[PDB]
Amino acid sequence: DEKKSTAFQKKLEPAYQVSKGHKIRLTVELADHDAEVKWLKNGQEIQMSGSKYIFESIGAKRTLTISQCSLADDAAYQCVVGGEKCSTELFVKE
């Protein structure tokens, strides 16, 4: 089940609004703070890449920078550490 459990102290609101092609960031307050965060596309498991699923960290608050994601990747992106996922819906804004 996708649910708070993940090493994300707080996962951001379950509706991330990507500014299409502007690269949407998946901001969370990490529980780990400085751990490599893996993320999930609804059903799809999302690793990390310097082109998509970009990991970025600010003061524990972890961020998944997703590039090339606009009026197509409109769906849901969960957040995952090791193998723990918390669901968040992904909506794209043009």
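Residues numbered from 1 in each chain as written, not as in the entry; some residues may be left out. Heavy atoms only, no water.

In the PDB archive, solution NMR is given as the structure determination method for this entry.

*Asks:* Explain the overall build of the chain to me, please; I cannot follow it from the model alone.
*Replies:* Assigned secondary structure in the chain consists of zero helices and ten strands. Helices (α) and strands (β) of the chain occur, in sequence order from the N terminus, as β-β-β-β-β-β-β-β-β-β. Seen along its three principal axes, the alpha-carbon backbone of the chain occupies a region of about 35 × 25 × 20 Å. Out of the 94 residues in the chain, the part that is buried amounts to 39%. Partitioning the contacts of the chain with sequence separation of at least 6, the portion at a separation of at least 24 is 59%. For the chain, the computed accessible surface area is about 5,400 Å², with 44% contributed by carbon and sulfur atoms. Of the side-chain charges in the chain, 14 are positive and 14 negative, and the distance between the mean point of each set is 3 Å. (Helix = DSSP H or I, 4+ residues; strand = E, 2+ residues; numbered from the N terminus. Buried < 20%, exposed > 50% of the residue type's maximum accessible area, 1.4 Å probe, protein only. Contact = heavy atoms within 4.5 Å. Areas by Shrake-Rupley, 256 points an atom, 1.4 Å probe, with all protein chains shown as cover. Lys, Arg positive; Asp, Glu negative; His and termini not counted. Charge placed at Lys NZ, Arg CZ, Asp CG, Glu CD.)

*Asks:* What's the story with the UniProt feature "disulfide bond" in the chain in this structure? I'm lost.
*Replies:* Of the UniProt disulfides, the one joining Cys79 and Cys86 is broken in these coordinates, the sulfur pair sitting 4.5 Å apart. Mapped onto the fold, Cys79 is located in strand β8 (residues 75-80). Turning to its location among the elements, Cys86 is positioned in strand β9 (residues 85-86). (Disulfide = S-S within 2.5 Å. UniProt positions renumbered as here; feature names shortened; annotations may be inferred.)

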